[PDB]
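Heads up, start_10.cif below (mmCIF, C-alpha atoms):
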data_run
loop_
_atom_site.group_PDB
_atom_site.id
_atom_site.type_symbol
_atom_site.label_atom_id
_atom_site.label_comp_id
_atom_site.auth_asym_id
_atom_site.auth_seq_id
_atom_site.Cartn_x
_atom_site.Cartn_y
_atom_site.Cartn_z
ATOM 1 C CA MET A 1 -70.534 -111.365 19.599
ATOM 2 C CA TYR A 2 -71.636 -114.922 18.898
ATOM 3 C CA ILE A 3 -70.015 -116.381 15.814
ATOM 4 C CA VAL A 4 -72.876 -116.929 13.393
ATOM 5 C CA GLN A 5 -72.541 -118.207 9.850
ATOM 6 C CA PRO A 6 -74.184 -115.653 7.516
ATOM 7 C CA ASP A 7 -73.101 -116.338 3.932
ATOM 8 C CA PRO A 8 -69.990 -118.222 2.756
ATOM 9 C CA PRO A 9 -68.655 -117.793 -0.820
ATOM 10 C CA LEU A 10 -71.333 -119.812 -2.549
ATOM 11 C CA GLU A 11 -71.800 -120.772 -6.202
ATOM 12 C CA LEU A 12 -68.294 -122.211 -6.181
ATOM 13 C CA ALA A 13 -67.637 -122.409 -9.903
ATOM 14 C CA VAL A 14 -64.615 -124.396 -10.984
ATOM 15 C CA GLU A 15 -63.465 -124.285 -14.586
ATOM 16 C CA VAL A 16 -60.476 -125.755 -16.386
ATOM 17 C CA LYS A 17 -58.895 -123.213 -18.719
ATOM 18 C CA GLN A 18 -56.523 -124.294 -21.479
ATOM 19 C CA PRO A 19 -54.837 -121.268 -23.134
ATOM 20 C CA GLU A 20 -53.018 -121.582 -26.458
ATOM 21 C CA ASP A 21 -49.986 -119.635 -25.254
ATOM 22 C CA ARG A 22 -50.215 -119.731 -21.467
ATOM 23 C CA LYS A 23 -50.121 -122.877 -19.354
ATOM 24 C CA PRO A 24 -53.404 -124.722 -18.676
ATOM 25 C CA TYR A 25 -54.804 -123.947 -15.239
ATOM 26 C CA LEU A 26 -57.768 -124.539 -12.965
ATOM 27 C CA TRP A 27 -59.822 -121.389 -12.605
ATOM 28 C CA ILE A 28 -61.703 -121.285 -9.319
ATOM 29 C CA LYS A 29 -64.244 -118.506 -8.911
ATOM 30 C CA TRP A 30 -66.875 -117.988 -6.252
ATOM 31 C CA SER A 31 -69.719 -115.603 -5.492
ATOM 32 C CA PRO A 32 -69.248 -113.050 -2.675
ATOM 33 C CA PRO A 33 -71.703 -113.160 0.279
ATOM 34 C CA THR A 34 -74.982 -111.346 -0.304
ATOM 35 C CA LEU A 35 -75.528 -107.968 1.408
ATOM 36 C CA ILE A 36 -72.947 -106.292 3.673
ATOM 37 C CA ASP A 37 -70.425 -105.554 0.894
ATOM 38 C CA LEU A 38 -67.125 -105.395 2.773
ATOM 39 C CA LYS A 39 -65.884 -102.846 0.248
ATOM 40 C CA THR A 40 -66.173 -99.694 2.353
ATOM 41 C CA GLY A 41 -63.223 -98.974 4.642
ATOM 42 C CA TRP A 42 -60.111 -101.104 5.022
ATOM 43 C CA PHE A 43 -61.911 -104.241 6.041
ATOM 44 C CA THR A 44 -61.912 -106.391 2.959
ATOM 45 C CA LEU A 45 -63.138 -109.963 2.835
ATOM 46 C CA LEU A 46 -60.234 -112.321 2.201
ATOM 47 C CA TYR A 47 -60.718 -115.797 0.752
ATOM 48 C CA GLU A 48 -58.725 -118.980 1.281
ATOM 49 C CA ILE A 49 -58.785 -121.964 -1.073
ATOM 50 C CA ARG A 50 -57.698 -125.477 -0.189
ATOM 51 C CA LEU A 51 -57.380 -128.149 -2.847
ATOM 52 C CA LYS A 52 -55.806 -131.533 -3.487
ATOM 53 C CA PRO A 53 -56.023 -134.400 -6.009
ATOM 54 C CA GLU A 54 -57.416 -137.840 -5.160
ATOM 55 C CA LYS A 55 -54.009 -139.389 -4.477
ATOM 56 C CA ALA A 56 -53.126 -136.461 -2.252
ATOM 57 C CA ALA A 57 -52.948 -137.400 1.411
ATOM 58 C CA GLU A 58 -52.541 -133.791 2.509
ATOM 59 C CA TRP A 59 -54.389 -130.572 1.718
ATOM 60 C CA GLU A 60 -52.802 -127.724 -0.183
ATOM 61 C CA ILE A 61 -53.948 -124.381 1.204
ATOM 62 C CA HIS A 62 -53.687 -121.330 -1.033
ATOM 63 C CA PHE A 63 -54.678 -117.936 0.341
ATOM 64 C CA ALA A 64 -56.076 -115.820 -2.498
ATOM 65 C CA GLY A 65 -56.698 -112.665 -0.525
ATOM 66 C CA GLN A 66 -58.972 -109.897 -1.770
ATOM 67 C CA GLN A 67 -59.362 -111.366 -5.249
ATOM 68 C CA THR A 68 -62.429 -113.472 -5.924
ATOM 69 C CA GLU A 69 -60.745 -115.941 -8.253
ATOM 70 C CA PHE A 70 -57.766 -118.258 -7.944
ATOM 71 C CA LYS A 71 -55.765 -120.369 -10.398
ATOM 72 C CA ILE A 72 -54.020 -123.708 -9.874
ATOM 73 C CA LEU A 73 -51.084 -124.583 -12.128
ATOM 74 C CA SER A 74 -49.894 -127.791 -10.482
ATOM 75 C CA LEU A 75 -52.502 -130.147 -11.925
ATOM 76 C CA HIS A 76 -52.530 -133.773 -13.032
ATOM 77 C CA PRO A 77 -54.440 -134.512 -16.283
ATOM 78 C CA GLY A 78 -57.247 -137.000 -15.772
ATOM 79 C CA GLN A 79 -57.552 -136.829 -12.002
ATOM 80 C CA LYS A 80 -60.120 -135.845 -9.368
ATOM 81 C CA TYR A 81 -59.500 -132.699 -7.339
ATOM 82 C CA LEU A 82 -61.268 -131.456 -4.226
ATOM 83 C CA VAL A 83 -61.620 -127.704 -3.764
ATOM 84 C CA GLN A 84 -62.925 -125.449 -1.003
ATOM 85 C CA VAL A 85 -63.003 -121.687 -0.523
ATOM 86 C CA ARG A 86 -64.259 -119.743 2.483
ATOM 87 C CA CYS A 87 -64.293 -116.131 3.640
ATOM 88 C CA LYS A 88 -64.251 -114.607 7.130
ATOM 89 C CA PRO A 89 -67.063 -112.085 7.823
ATOM 90 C CA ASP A 90 -66.599 -109.526 10.616
ATOM 91 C CA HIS A 91 -68.914 -111.188 13.126
ATOM 92 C CA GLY A 92 -68.342 -114.725 11.893
ATOM 93 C CA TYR A 93 -64.777 -116.003 11.695
ATOM 94 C CA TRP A 94 -64.188 -119.584 10.579
ATOM 95 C CA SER A 95 -61.915 -122.417 11.673
ATOM 96 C CA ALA A 96 -63.535 -125.264 9.757
ATOM 97 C CA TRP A 97 -64.444 -126.213 6.194
ATOM 98 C CA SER A 98 -67.617 -127.587 4.574
ATOM 99 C CA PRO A 99 -68.194 -126.803 0.808
ATOM 100 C CA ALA A 100 -66.150 -129.668 -0.648
ATOM 101 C CA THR A 101 -66.509 -129.322 -4.400
ATOM 102 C CA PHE A 102 -65.500 -132.213 -6.652
ATOM 103 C CA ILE A 103 -63.839 -131.229 -9.911
ATOM 104 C CA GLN A 104 -62.448 -133.567 -12.550
ATOM 105 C CA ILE A 105 -59.322 -132.423 -14.336
ATOM 106 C CA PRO A 106 -59.704 -133.670 -17.939
ATOM 107 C CA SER A 107 -57.100 -135.964 -19.479
ATOM 108 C CA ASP A 108 -57.180 -133.451 -22.323
ATOM 109 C CA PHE A 109 -55.571 -131.024 -19.871
ATOM 110 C CA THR A 110 -52.267 -131.523 -21.630
ATOM 111 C CA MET A 111 -52.295 -130.824 -25.364
ATOM 112 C CA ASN A 112 -51.321 -134.375 -26.296
ATOM 113 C CA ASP A 113 -52.741 -134.015 -29.793
#

Structure rendered as structure tokens:
Amino acid sequence: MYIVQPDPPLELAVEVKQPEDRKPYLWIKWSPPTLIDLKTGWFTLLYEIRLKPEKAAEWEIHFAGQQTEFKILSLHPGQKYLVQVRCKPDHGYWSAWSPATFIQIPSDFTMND
């Protein structure tokens, strides 16, 4: 029962979505770990996303759950954000982070046109 690190949610794709009607948001989506497929039985793989802008001294943790995509509404146009998501496989629980992804929120985030 040694805690090994098989596959974290890799291919962390971060996109800024600006809807015409809805509010502009950061759309974070990741790829589920290869093999296993924690779909059978009530043992689903939950994901947690932590993010914060450059001038943020503290991290904002947002637990997504079973869904493999998360949206951030509280964003500052024209600022750097750091994002991380990780899952907890049956034989490999986590207590630390690693995949720090750098995403730039465009100044065009707000429709100042």

- On this file, the PyMOL selection byres ((chain A and resi 47-53) around 6) gives some set of residues; write that set as JSON, numbers by chain. {"A": [46, 54, 55, 56, 59, 60, 61, 62, 63, 64, 65, 80, 81, 82, 83, 84, 85, 86, 87]}

What lies within 8 Å of residue 15 (chain A) using all atoms listed in the file, ignoring chain neighbours under 6 positions off, as a tab-separated table (two decimals) with C-alpha atoms, keeping the file's coordinate frame?
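Listed below is the output, selection.tsv:
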chain	number	residue	atom	x	y	z
A	26	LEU	CA	-57.77	-124.54	-12.96
A	27	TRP	CA	-59.82	-121.39	-12.60
A	28	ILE	CA	-61.70	-121.28	-9.32

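With distances taken over all atoms listed in the file, A:77 is the one residue among A:77, A:91, A:7, A:67 lying closest to residue 111 (chain A).
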
- In Å, rounded to a single decimal, give me how far CA of residue 4 (chain A) is from CA of residue 96 (chain A).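 Spanning CA of residue 96 (chain A) to CA of residue 4 (chain A) is a straight-line distance of 13.0 Å.
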
- Expressed in Å to a single decimal, how great is the separation between CA of residue 10 (chain A) and CA of residue 22 (chain A)?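 Answer for the CA of residue 10 (chain A) to CA of residue 22 (chain A) separation: 28.4 Å.
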
- Residues near residue 23 (chain A), cut-off 10 Å, only C-alpha atoms, skip fewer than 5 positions along chain, as number ranges by chain: A: 17-18, 73, 109-110

- Item | Pick from A:79, A:95, A:66, A:31, whichever lies nearest to residue 107 (chain A) using all atoms listed in the file |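 The shortest atom-to-atom distance to residue 107 (chain A) comes from A:79.
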
- How would you write, as a ChimeraX atom specification, the residues chosen by the PyMOL selection byres ((chain A and resi 92) around 8) on this structure? /A:2-6,88-91,93-94

- Proximity to residue 69 (chain A) - best of A:20, A:108, A:42, A:32, only C-alpha atoms: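 The shortest atom-to-atom distance to residue 69 (chain A) comes from A:32.
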
- Message: Using Å and a single decimal, report how far CA of residue 113 (chain A) sits from CA of residue 29 (chain A).
- Response: 28.4 Å
